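These notes are about the structure you will find just below.
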Protein chains: 2
Amino acid sequence: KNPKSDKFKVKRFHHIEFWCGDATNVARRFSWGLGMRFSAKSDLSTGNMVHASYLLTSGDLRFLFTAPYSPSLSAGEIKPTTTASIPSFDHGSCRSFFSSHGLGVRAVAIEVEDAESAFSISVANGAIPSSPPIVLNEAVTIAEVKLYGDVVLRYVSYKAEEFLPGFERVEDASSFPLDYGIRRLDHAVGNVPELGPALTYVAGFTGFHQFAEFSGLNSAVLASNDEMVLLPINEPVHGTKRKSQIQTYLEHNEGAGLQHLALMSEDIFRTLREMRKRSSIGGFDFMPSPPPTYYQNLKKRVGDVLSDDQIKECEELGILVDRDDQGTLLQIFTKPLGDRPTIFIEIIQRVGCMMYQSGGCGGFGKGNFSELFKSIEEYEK
Amino acid sequence: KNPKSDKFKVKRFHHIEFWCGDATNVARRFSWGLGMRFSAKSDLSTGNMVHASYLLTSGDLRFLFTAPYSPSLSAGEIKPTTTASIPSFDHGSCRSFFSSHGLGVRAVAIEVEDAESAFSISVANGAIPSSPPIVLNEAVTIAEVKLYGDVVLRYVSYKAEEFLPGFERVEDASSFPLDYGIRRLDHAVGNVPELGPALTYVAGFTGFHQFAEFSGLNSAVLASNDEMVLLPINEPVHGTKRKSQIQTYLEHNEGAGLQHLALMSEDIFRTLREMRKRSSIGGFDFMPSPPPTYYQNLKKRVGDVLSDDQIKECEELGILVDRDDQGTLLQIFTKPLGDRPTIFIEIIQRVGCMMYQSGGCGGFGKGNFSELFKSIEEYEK
Ligand SMILES: Cc1c(C(=O)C2=C(O)CCCC2=O)ccc2c1c(=O)n(-c1cccc3ccccc13)c(=O)n2C
Ligand SMILES: Cc1c(C(=O)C2=C(O)CCCC2=O)ccc2c1c(=O)n(-c1cccc3ccccc13)c(=O)n2C
Ligand SMILES: [Co+2]
Ligand SMILES: [Co+2]
């Protein structure tokens, strides 16, 4: 069931913005680890005396890394005379965010038809305003409302049809064309103390509907009309034998925030080969692999979708597989992206639901909680 | 002239500690960019609820990257019950340092015979105490005094004869054996507003002597008895046609701090080949190369030290060459290591002064200020 209840026209995920202490080092690490190209910049060299912002791209995936400069460089500016390219940026907010939460996602940005309308309708329907609509160079409108914790949902709309005015394309010499196959953001997941109030709030101001589904958590997924913007939310389940990873997140993050970004690959085997080659030379580490019992059990579960060789390739790379009533999901999780056991990345590829592929084909892998549990006990035997 | 006036027994540079917002991402970037191996850690996985600290090594060079966790994880601790492995660490100091200065060096650590004695003698001779001597596991003593700005000179002494108690050696799987030829810290350089008072202060409490030398700055070099610990200091020269890079540093750094680390390579050609291969894939960028006039002029200056092929290899890699009355210096400078135009790295190799090689052989490259100026005008013609 999809009531198509969006209160404003939503297109696709546009970008994810990380708030950093040093944007250069995080961006360079992420570029090498994920195979993303340096695409645009806004910093001292482009006249921005307020913040350093670096954009990485892979296909349609856009990761932005932003850090504040010394406020002294811009102490004579006021908002009408600002040299910031992102007018919602605030030195104090950014330092406070980073000191509270560590490295993490500040903004989940979606492209909409009209960011001013999206903002107005959102706030009229209960959204907490974070940054009012501002028109940049008569070309792009950006607005922000609170999503959960200190994460904002950012609306971006373009008059035309390059990232944002005031960003400059990066010189080709500094722009090595890395590509490990990642192509777009599939979903972005928040952790909260209480799922109910978080869902009611977000669904209330967006009109996003609950996406039909089918340890240590309860979850639900909010989706736009064409189910291409997917915003799952988790809450902890307390009292369990094993401590909830959602609760650990909330403790180390100092509350609610973005838990994981799931990045679609056009070839998850190539993506994982390339990422695993770089894990110990500056890239990202992956969660410990499931026991061989897990891959022995894949024949019964997905032997009609994956060949024995493709299954054994999943086993070499530690890839998990789950299945819906409509499609199949290949997925794997990185270790946390930074110092704290908080945000991590998921790499996914979806098989099925061809019409274009429909959103959320194969689900989100919740069946892998029981399958992992089973395969662990089976391997113990 | 070397009066050998050290007020306590100094051995060698021991490590450099960076204070970070996220130690993981900075350490992984530096590891790949410089060819340093992950050697030790102190973090949540080792029981440290206070700070995340990661040690990189290349030869005798030790770079430590430290960031604070949420204070909530350790809110019940007091100093007698701390789980920090570096007892001088303070959440507030670290956040304040990073918010003021951005990514940069907090501690220049030298190994001494007796860190408690070094501390006491230093303070008795004018050093501003920063952290009193603390004995770790009855095995290592660490103490800190102010050096300049918010940079401390850290004394470390060992009863024995592994990094520090509470650090664990890094698993081999996570410890890829990168090596681009870097072998030790040659010198560590501070920028200050006024050279005179800074020299008087540091030489006053160390007994370090002025190392015999032979644009936009005045400088002097303080040296230990065997001239193996080398601490140059720069001040800006104002009114110049071109704005002093020392003054730009002080503005963007919010005052005095560490300007550059010079890392000795056992093969600067290999080091620069390896670093330049990685500049645009997560590593470090280098300053723009000098004009070919500079390398045309190298024959007259160092043609008795470098062959034509070795000179042309300097030209391919952008390496600068200077000469003392005793030796020759090969050097090159990176672009700033992070967002701010503040700290950068120098790669150096020294030729001559064989006895072992004596410290500071060939100087610090101050002759390259005029040689670069000349070669630029000559290439314009
Ligand atoms: C994050 C995730 C997803 C997922 O993507 C998802 C949504 O997108 C939206 C719905 C809720 C939802 O969970 C799916 C399966 C997962 C995990 C996941 O994180 N993990 C864990 C990985 C590593 C260490 C763990 C430690 C304790 C507990 C779980 C750990 C799993 O095992 N499975 C099986
Ligand atoms: C840092 C340095 C050293 C050096 O290592 C040293 C000591 O160790 C101790 C004594 C003082 C001292 O300077 C030597 C020569 C240098 C530079 C240096 O930084 N630069 C610059 C590089 C790039 C952009 C510049 C822009 C403006 C002005 C100078 C720029 C140079 O050109 N030369 C020639
Ligand atoms: Co997911
Ligand atoms: Co130098």
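Cβ coordinates were reconstructed from backbone atoms using ideal geometry, including for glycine residues, and neighbour counts include every protein chain displayed. Each answer follows from the model by the rule given with it, or from the source it names; these are not laboratory values.
In region B:73-82, the condition of being buried (at least 16 other Cβ atoms within 10 Å of the Cβ), within 11 Å of chain A (Cβ to nearest Cβ) and touching a strand residue (DSSP E or B) at 6+ places or on another chain (Cβ under 9 Å) is met by no residue. No other residue among B:42, B:5 is farther than 23 Å from residue B:256 by Cα, outside the structural domain of residue B:187 (by CATH) and surrounded by 23 or more Cβ atoms within 10 Å (Cβ to Cβ) apart from B:42.
To keep it simple, each residue is scored yes or no on (1) surrounded by fewer than 23 Cβ atoms within 10 Å (Cβ to Cβ); (2) more than 14 Å from the chain's Cα centre (by Cα); (3) not in a helix (DSSP H, G or I).
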| site | (1), (2), (3) |
| --- | --- |
| A:178 | yes, yes, yes |
| A:183 | yes, no, yes |
| A:196 | yes, yes, no |
| A:200 | yes, yes, no |
| A:219 | yes, yes, yes |
| A:241 | yes, yes, yes |
| A:248 | yes, yes, no |
| A:262 | yes, no, yes |
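Being more than 13 Å from chain A (Cβ to nearest Cβ) and under 10 Å from residue B:19 (Cβ atoms) narrows it down to one of B:89, B:65, so name that one. Break it down stepwise before answering.
Working: B:65 fails: more than 13 Å from chain A (Cβ to nearest Cβ).
Being more than 13 Å from chain A (Cβ to nearest Cβ) and under 10 Å from residue B:19 (Cβ atoms) holds for just one of B:89, B:65, which is B:89.
Can you give me the number of residues within region B:264-285 that are under 19 Å from the mean Cα position of the chain (by Cα) and among the hydroxyl-bearing types (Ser, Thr, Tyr)? Qualifying residue count for the region: 2. Scanning region B:347-364 for residues that are within 13 Å of ligand 2 (Cβ to nearest atom) and within 17 Å of residue B:301 (Cα to Cα) turns up B:350, B:362, B:363, B:364.
Taken over region B:91-113, residues that are closer than 22 Å to residue B:62 by Cα and surrounded by fewer than 17 Cβ atoms within 10 Å (Cβ to Cβ) amount to 1. Of these, B:160, B:173, B:139, which one is more than 16 Å from ligand 3 (Cβ to nearest atom), surrounded by fewer than 18 Cβ atoms within 10 Å (Cβ to Cβ), of a type in the set (A, V, I, L, M) and within 14 Å of chain A (Cβ to nearest Cβ)? None of the others qualify; the one that does is B:173. Taken over region B:264-290, the criterion of being part of a loop (DSSP other than H, G, I, E, B) and within 15 Å of ligand 2 (Cβ to nearest atom) is satisfied by B:284, B:285, B:287, B:288, B:289, B:290.
Checked against the criterion of being within 14 Å of chain B (Cβ to nearest Cβ) and more than 10 Å from ligand 1 (Cβ to nearest atom), the candidates A:227, A:251, A:266 yield just one match: A:251.
Is there a residue being farther than 20 Å from residue A:191 by Cβ, outside any loop (DSSP other than H, G, I, E, B) and away from ligand 3 (no atom under 16 Å from the Cβ) anywhere in region A:250-257? Even if it seems obvious, please write down each step before you answer.
Pass one, region A:250-257, residues farther than 20 Å from residue A:191 by Cβ: none.
For region A:250-257, residues farther than 20 Å from residue A:191 by Cβ, outside any loop (DSSP other than H, G, I, E, B) and away from ligand 3 (no atom under 16 Å from the Cβ): absent.
Go through region A:108-155 and report how many residues are part of a strand (DSSP E or B) and closer than 19 Å to residue A:223 by Cβ. I'd like the intermediate steps shown before the answer.
Residues of region A:108-155 that are part of a strand (DSSP E or B), as a first pass: A:108-112, A:129-136, A:140-148, A:151-155.
Pick out the ones that are also closer than 19 Å to residue A:223 by Cβ and you get A:108-112, A:145, A:147-148, A:151, A:153-155.
Residues meeting the conditions: 12.
Candidates B:346, B:380: the one that is surrounded by 20 or more Cβ atoms within 10 Å (Cβ to Cβ), away from ligand 1 (no atom under 16 Å from the Cβ) and more than 14 Å from chain A (Cβ to nearest Cβ) is B:346.
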